[PDB]
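K.L.:
Here it is, the structure in full.
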Amino acid sequence: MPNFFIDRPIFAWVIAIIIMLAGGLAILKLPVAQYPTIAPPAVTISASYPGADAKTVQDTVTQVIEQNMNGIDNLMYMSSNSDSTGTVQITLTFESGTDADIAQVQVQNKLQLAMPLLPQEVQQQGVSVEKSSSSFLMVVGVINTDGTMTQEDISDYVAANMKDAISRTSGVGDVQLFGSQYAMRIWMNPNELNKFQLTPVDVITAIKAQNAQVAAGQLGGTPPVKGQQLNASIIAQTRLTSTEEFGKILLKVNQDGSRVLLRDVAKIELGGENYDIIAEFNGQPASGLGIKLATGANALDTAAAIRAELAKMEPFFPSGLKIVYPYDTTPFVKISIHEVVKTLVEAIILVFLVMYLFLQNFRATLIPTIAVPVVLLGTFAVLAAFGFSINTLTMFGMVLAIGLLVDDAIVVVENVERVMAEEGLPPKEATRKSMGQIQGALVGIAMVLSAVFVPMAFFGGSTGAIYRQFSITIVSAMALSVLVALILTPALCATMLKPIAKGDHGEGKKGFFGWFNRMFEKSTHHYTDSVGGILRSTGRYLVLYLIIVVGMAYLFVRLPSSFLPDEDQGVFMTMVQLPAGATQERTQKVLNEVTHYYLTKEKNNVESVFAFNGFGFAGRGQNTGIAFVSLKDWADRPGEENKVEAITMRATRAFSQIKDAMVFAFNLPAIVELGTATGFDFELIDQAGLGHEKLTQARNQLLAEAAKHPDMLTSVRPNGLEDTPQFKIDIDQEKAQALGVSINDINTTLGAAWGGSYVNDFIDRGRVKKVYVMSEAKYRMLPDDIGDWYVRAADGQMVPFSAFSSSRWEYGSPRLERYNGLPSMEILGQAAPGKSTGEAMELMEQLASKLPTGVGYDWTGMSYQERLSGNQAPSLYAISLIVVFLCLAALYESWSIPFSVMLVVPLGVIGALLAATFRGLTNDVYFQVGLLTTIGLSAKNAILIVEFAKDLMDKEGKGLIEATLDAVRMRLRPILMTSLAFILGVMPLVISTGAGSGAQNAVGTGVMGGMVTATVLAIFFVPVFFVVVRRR
Amino acid sequence: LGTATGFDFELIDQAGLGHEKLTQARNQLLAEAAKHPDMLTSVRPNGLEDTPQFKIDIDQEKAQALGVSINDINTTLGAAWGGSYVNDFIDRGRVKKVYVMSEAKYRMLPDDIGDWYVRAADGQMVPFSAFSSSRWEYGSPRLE
Amino acid sequence: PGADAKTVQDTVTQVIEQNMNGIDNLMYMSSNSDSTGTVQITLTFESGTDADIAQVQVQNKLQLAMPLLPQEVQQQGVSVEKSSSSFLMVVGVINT
Amino acid sequence: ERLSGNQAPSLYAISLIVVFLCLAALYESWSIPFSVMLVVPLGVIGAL
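Chains as they are written, first to last, in PDB author numbering: chain V, 1 to 1032; chain B, 674 to 817; chain P, 50 to 145; chain G, 866 to 913.
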């Protein structure tokens, strides 16, 4: 093939232009995103029961739904929680690669077999079923700068004049609002209600009667009498539309003839669906949205498009309204885009300076300046053909292939330039001999480099998806690289290079260009003499190779293995956890303090604080909170003390003075949609009918026995909440019957007043919203306000709860959890420093086996991936060893000559571990994938050294040490040009600081140090291996 | 696809403006478009125009005073003049619906409302005139 | 049965519409509420969208409102068909 | 149409460029293609 295109230089230019057309076409239209879909796909059912205790939500919604979640494909596990805000969240998680669409449908179908069995109050609130494994594209906030709009008002406006437009933008798939649209709110007053002998039942009945949309038919409708001229609709009651209309609802006519109006017993006012979340932005009332990225959509397109949408609307907002953007991925996506290209461009210049230093002409330097572009651009068309996206993982999978894409251009031009200066052939025929010496080896270089990266695309779980991103990007660029080294680069070597005379080693040049050729010719002389002097006692230099193998193995087992490094993303979280019982008002104080501190002590780094008094991550509740700190650009936050980690430490430390509470800051894990990070994830399970209490006691035993082994387990803790005092009102059924009081009237008097009640709908500026009845806070705050409420008996008398009820305080759960349909408590922790997570697990399991009879366990989340993915690495890379072995035996037609190539692996890796352990890095995914590219070039250099030394024996009749010392001479200059352009091209990634430094340093330090050793040592060890093997 | 040629415009109430106002605003555009016949021909709406409607308003205070249920009133009216599906029956061994409606004779003119009575709690028959009142108004036969 | 255009919109259409979000490849949604008591809501999608997957997602979101629709409407059947096809033939039936 | 008006000048532009590269591929020349590429109007004019 190379010869076909040497003589057709335009046909090969046509093909390389089309690879660039198909690959440039592939960049414009392909989805950009920070990552792809790594998390196993989950479906969440969510349901609300206004006014319900955690037990009620579980015993009338959760369990019902759960008991119907079977007969579903690829279901890994199901966890659910039932809190005391009346909310139920059931997450069903599935096998990796399950169809997110098919899973949602099957769930929905089984859910809907229980909908008829759910309470009506729950049905009316909406039992939603979304796809939960995605994560936030951006976050809009909305403030009013005149300060004339409750969060209620702003939320309504956002609900009525923003939310849909954004959710109809091209590429959006989910939008969540930080509030509700307005709700007509009747705030009952019990003093009045008793005055006129009325309960909240009368109110609710009036509202449903006087706020109604009645269908009344038509005058002159089908079927018609003959001779009819009029056809008109009959119109009757229409839903009320104003607080004024609502207040004018007639509840009762007095005996004298006076009217009892709704406004006579309650306070009508537009308000919210619920008041559980106060969301302040820099301590101002706010609303906003939590947008999400659609499956396979261009983050850049969508994100920009919204910003232009909001922009389109800003003229028309009410006075004061201001849109804010306290989070966006778009900057960090443009950053990573900018960072990878500004590393591939400096790699074309660093190969320009490297090529020009040895080959000393600009004609040769234009072939790798042209060759890498093609393989880069055209890998995108091969990734598009396989449905991959432009993501940090695929983008850094292309800077990690530089060593292999650049060697594929150096080995073609250097061998052409070498055959011309040693034999004296013209450019057109020296390329034919140069490319005959590396035709079958390059096809063998690719079949081997397949069997190295491809077994990693078969890894399982979330990890196996991360690996499937590099594995296909690299293999794609490399299969396109080896094809570019057989179509375009020999056509280029044959028409752009000028002749060199036989023997001219540039030793007759003056200036700086004379000195280097005379110092390198002797440097070639001194090296080939070393290899000789090394050959003398190869039995000595095989004993030193075993020190590299125990030094690596010793280094492999002491280097800690992480997942993916934490970046500074301009944003981070602080959690506020007041204790059990703490009113919203208290939690606000602490929250206002968190915002204050961030707006003074860190004014230079802090851009904004989005304070959410209502929900944390332990749960929702009046005692929890989350503050969202958005930092200024990384440009205005220079240094270490002005980057997230530093700021969080300062924070955690500064807040420890807070006495009546728990305030912690921390940083967002890299993959937000997985959290993971490290540690383990334990579930304690009531596998008999034991009970909440007993499961708690049993959870206690484990928590105490775990705190007595701090050597292995640190931070062993629960994730759920602790029992809280509750007020129980017990109805004496016999006393109620005796007085003529309905249990249903009693029950709704109580829950309507203290819990709230959705009654029906109304029209508010021509949109349908809900109407709710609740007591005005005055009479629903203390256990003694129950004496203010009365319930009307059949004889028509008003009766106080004290006449049929009694009360007492008790304890109960504010958050009942269930794991795979059984009661559970989820325990979180981490391995004490030094030990591995896996052995920490075995301790937990041992500890748990001791816990009382009935109490099972299991592992979820992370701990379920690893327990399902630990045996993969030794058996998949075993297959890798075997297939590359069969690829090398295929290239050298020998079951033994492969081994000489197969013995180069440690030489790079040892240096990679070294460079890693020195700097303070970890065995993370960027390390392991950088190892497979470091091994890929150190063995491709061994393939061309063993091919050049076995070709000298096979078709020229040279001896053993002759062919070895002759081949290592030919293959010296290319190994040096490659590894110099690759250590210097990777250098700015090793000294990389600021935005994106986790991913740059994790590839940089592992590739720079593993390339120092895969070139300095290999050159001395790959001739030894070829001799010890060829002689054995 | 229909398509053929021309254009397809949607005028949208992007505040809580109202049916009427959106209509007026639609009118302005339709008139200003008929003053440029050089560019735009046949500029027109696709929906329908407001039609007179008969509104029966129930005096809740008068109904309560007489002991007449709003639900009884409401279904007396809609069952009679609108129709009502009640339940199913078997017709030659297949299940079909059962509907109740007034015979056209008494559901054709606004004056046939005086023929309909609603029974109060005391057990008396009460005409709509004793708790209702009516008037003609305009409304949309097709809200888009 | 028996409803004025306003009633059909304020008790059926808007309810259903307010639940038609979180759906893939949705181009636009138009709907009409007439005085025959009928409601038609057309959701149109990107070209090449899966006619099966689109129907399912709609149905799923529709059904989160079914509990909030009037009983008179539920009993009549809230159907969800694929509307972009066209007539193969038309049979008529007379008695001579 | 508001979502499909820019397509024709840029898609047939790609068409010009790829056939140009196909003709340069057949005659091994970056200039001999143009002699083939200049026949388009001769038919089209008659079609109009």
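Idealized CB from N, CA, C, for every residue including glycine.
1. With distances taken from CA atoms, which of V:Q58, V:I897, V:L881, V:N604 is nearest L816 of chain V?
2. Under 7 Å between beta-carbons, which chain P residues line up against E693 of chain B? List them in chain order, please.
3. Please state whether the Cβ-Cβ distance between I268 of chain V and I186 of chain V is less than 8 Å.
4. Assuming the contact rule is C-beta atoms closer than 8 Å, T343 of chain V and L989 of chain V should be a hit. Round their C-beta distance to whole Å, please.
5. CA-CA distance, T330 of chain V and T595 of chain V?
6. Between G:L881, G:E866, G:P874, G:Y892, which lies nearest to residue 967 of chain G when the distance is taken from Cα to Cα?
7. Please report the residue range of the beta strand (DSSP E) in which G856 of chain V lies.
8. Which residues of chain V have a Cβ atom closer than 7 Å to the Cβ of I102 of chain P, listed in chain order?
9. Check for me: the alpha helix (DSSP H) holding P725 of chain B runs from which residue to which?
10. So which residues on chain P does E673 of chain V lean against when the C-beta distance must stay under 8 Å?
11. Touch check for the segment 585-594 of chain V and the segment 654-664 of chain V: three-plus C-beta pairs under 8 Å?
12. Roughly how many angstroms lie between the CA atoms of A670 of chain V and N719 of chain V, to the nearest whole one?
13. Under 8 Å, do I731 of chain B and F804 of chain B count as touching if we go by C-beta distance?
14. Considering only residues of the same chain and omitting the five flanking positions on each side of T369 of chain V, which have a CB-CB separation below 7 Å?
15. Determine the DSSP secondary structure at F801 of chain B, reduced to helix, strand or coil.
16. With a Cβ-Cβ cutoff of 8 Å, do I983 of chain V and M1008 of chain V count as a contact?
17. Run down chain P in chain order and give the residues with a C-beta less than 8 Å from the C-beta of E722 of chain B.
18. Which residues does DSSP list as the beta-bridge partners of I763 of chain V?
19. The beta strand (DSSP E) with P579 of chain V in it runs from where to where?
20. When the cut-off is 8 Å and only beta carbons count, does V129 of chain P lie next to chain V?
21. Go through its chain and collect everything with a Cβ distance to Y545 of chain V's Cβ below 7 Å, but skip five positions before and after it.
22. Applying the 10 Å Cβ sphere with the 16-neighbour rule, what's the burial state of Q213 of chain V?
23. Quick check: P40 of chain V and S389 of chain V, are their CB atoms within less than 8 Å of each other?
24. Taking contact to mean 3 or more Cβ pairs, one atom from each stretch, closer than 8 Å, check whether the segment 767-785 of chain B and the segment 740-754 of chain B are in contact.
25. Within a Cβ cutoff of 7 Å, which residues of the same chain sit near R432 of chain V, ignoring the five residues on either side of it in sequence?
26. How many Å lie between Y819 of chain V and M76 of chain V at the Cα?
27. Any beta carbon from chain V within less than 8 Å of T60 of chain P's own beta carbon?
28. Between the C-alpha atoms of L690 of chain V and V61 of chain V, what's the straight-line distance to the nearest angstrom?
29. What residue ranges within the segment 55-116 of chain P form continuous alpha helix (DSSP H) runs of no fewer than 4 residues, ordered along the chain?
30. Between which two residues does the beta strand (DSSP E) holding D951 of chain V run?
31. Would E810 of chain V be called buried (16 or more neighbouring beta carbons within 10 Å of its own) or exposed?
32. I want to know whether the segment 62-69 of chain V touches the segment 25-33 of chain V - three or more CB-CB distances under 8 Å.
33. Less than 8 Å between the C-beta atoms of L913 of chain V and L559 of chain V, yes or no?
34. Starting from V140 of chain V, follow its DSSP beta bridges and name the residues at the other end.
35. Quick one: which chain G residues come within Cβ less than 8 Å of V14 of chain V?
36. From the beta carbon of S84 of chain P, is the nearest beta carbon of chain V less than 8 Å away?
P.N.:
Reading from the atomic positions:
1. The residue you call residue 816 of chain V lines up with position 816 of the first sequence. For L816 of chain V, the closest of V:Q58, V:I897, V:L881, V:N604 by C-alpha to C-alpha distance is V:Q58.
2. Reading the second sequence from its first residue, position 20 is the one you call residue 693 of chain B. Chain P residues near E693 of chain B: none, gap ~13 Å exceeds 7 Å.
3. As a working note, residue 268 of chain V is residue 268 in the first sequence. As a working note, residue 186 of chain V is residue 186 in the first sequence. In contact: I268 of chain V and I186 of chain V (Cβ atoms closer than 8 Å).
4. On the first sequence, residue 343 of chain V is found 343 positions in, with the first residue counted as 1. On the first sequence, residue 989 of chain V is found 989 positions in, with the first residue counted as 1. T343 of chain V to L989 of chain V, Cβ: 6 Å. Contact.
5. Here residue 330 of chain V refers to the residue found at position 330 of the first sequence. Here residue 595 of chain V refers to the residue found at position 595 of the first sequence. A straight-line Cα-Cα distance of about 25 Å links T330 of chain V and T595 of chain V.
6. Residue 967 of chain G is absent from the model: chain G starts at 866 and stops at 913.
7. The count along the first sequence starts at 1 and reaches residue 856 of chain V at position 856. Note, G856 of chain V: beta strand (DSSP E), 855-859.
8. What you label residue 102 of chain P is simply residue 53 of the third sequence in a count that begins at 1. Simply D101.
9. The residue given as residue 725 of chain B occupies position 52 in the second sequence. Looking at the DSSP string, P725 of chain B is not in any alpha helix (DSSP H); the run it does join, the beta strand (DSSP E), is 724-731.
10. If you number the first sequence from 1, residue 673 of chain V lands on position 673. Within chain P, no residue comes near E673 of chain V; the closest Cβ sits about 17 Å away, beyond 8 Å.
11. The count of Cβ pairs closer than 8 Å, one atom from the segment 585-594 of chain V and one from the segment 654-664 of chain V, reaches three, so the stretches are in contact.
12. Working through the first sequence from its first residue, we reach residue 670 of chain V at position 670. Working through the first sequence from its first residue, we reach residue 719 of chain V at position 719. Distance between the alpha carbons of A670 of chain V and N719 of chain V is about 21 Å.
13. As a working note, residue 731 of chain B is residue 58 in the second sequence. As a working note, residue 804 of chain B is residue 131 in the second sequence. Between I731 of chain B and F804 of chain B, the C-beta spacing is below 8 Å.
14. Walking along the first sequence from the start, residue 369 of chain V turns up at place 369. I348, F352, listed in sequence order.
15. Taking the second sequence and counting its residues from 1, one reaches residue 801 of chain B at position 128. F801 of chain B: helix per DSSP, three-state reduction.
16. By one-based count along the first sequence, residue 983 of chain V stands at place 983. By one-based count along the first sequence, residue 1008 of chain V stands at place 1008. The answer is yes: Cβ separation under 8 Å.
17. Reading the second sequence from its first residue, position 49 is the one you call residue 722 of chain B. The contacting residues do not exist; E722 of chain B stays about 12 Å from chain P at best.
18. Residue numbering aside, residue 763 of chain V sits at position 763 when the first sequence is read from its first letter. DSSP output for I763 of chain V lists V:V768 as bridge partner(s).
19. Within the first sequence, numbered from 1, the residue matching residue 579 of chain V stands at position 579. Neither: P579 of chain V is in no beta strand (DSSP E) and is coded neither H nor E.
20. Mapped onto the third sequence, residue 129 of chain P falls at position 80. Judged by the 8 Å Cβ criterion, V129 of chain P is not in contact with chain V.
21. For the purposes of this step, residue 545 of chain V is taken as residue 545 along the first sequence, with counting starting at 1. Taking C-beta separations shorter than 7 Å and ignoring five residues to either side along the sequence, the partners of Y545 of chain V in its chain run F1021, following chain order.
22. What you label residue 213 of chain V is simply residue 213 of the first sequence in a count that begins at 1. By the Cβ neighbour-count rule, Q213 of chain V is buried, with 16 or more other Cβ atoms within 10 Å of its own.
23. As a position in the first sequence, residue 40 of chain V is number 40, starting the count at 1. As a position in the first sequence, residue 389 of chain V is number 389, starting the count at 1. No, they are not a contact pair.
24. Per the Cβ contact rule, the segment 767-785 of chain B is in contact with the segment 740-754 of chain B (3 or more Cβ pairs under 8 Å).
25. If you number the first sequence from 1, residue 432 of chain V lands on position 432. Same-chain partners within the cutoff: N3, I6.
26. Working through the first sequence from its first residue, we reach residue 819 of chain V at position 819. Working through the first sequence from its first residue, we reach residue 76 of chain V at position 76. Those two C-alpha atoms are separated by around 12 Å.
27. Counted from its first residue, the third sequence places residue 60 of chain P at position 11. Yes, its Cβ sits closer than 8 Å to a Cβ of chain V.
28. Numbered from 1 along the first sequence, position 690 holds the residue referred to as residue 690 of chain V. Numbered from 1 along the first sequence, position 61 holds the residue referred to as residue 61 of chain V. The straight-line gap from Cα to Cα measures roughly 21 Å.
29. The alpha helix (DSSP H) runs of length 4 or more contained entirely in the segment 55-116 of chain P are, from start to end of the chain, 63-66, 100-111.
30. One-based indexing of the first sequence puts residue 951 of chain V at position 951. First-last for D951 of chain V: 925-954, but that is the alpha helix (DSSP H), not the beta strand (DSSP E).
31. The residue given as residue 810 of chain V occupies position 810 in the first sequence. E810 of chain V is exposed by the Cβ-count criterion.
32. No contact exists between the segment 62-69 of chain V and the segment 25-33 of chain V.
33. Indexing the first sequence from 1 puts residue 913 of chain V at position 913. Indexing the first sequence from 1 puts residue 559 of chain V at position 559. For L913 of chain V and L559 of chain V, yes; Cβs fall inside 8 Å.
34. Locating residue 140 of chain V in the first sequence gives position 140, counting from the first residue. For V140 of chain V, which the question treats as bridged, DSSP gives the partners V:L289.
35. Taking the first sequence and counting its residues from 1, the one referred to as residue 14 of chain V is at position 14. Chain G residues near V14 of chain V: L886, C887, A889, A890.
36. Sequence index remark: in the third sequence, residue 84 of chain P carries index 35 (1-based). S84 of chain P counts as touching chain V.
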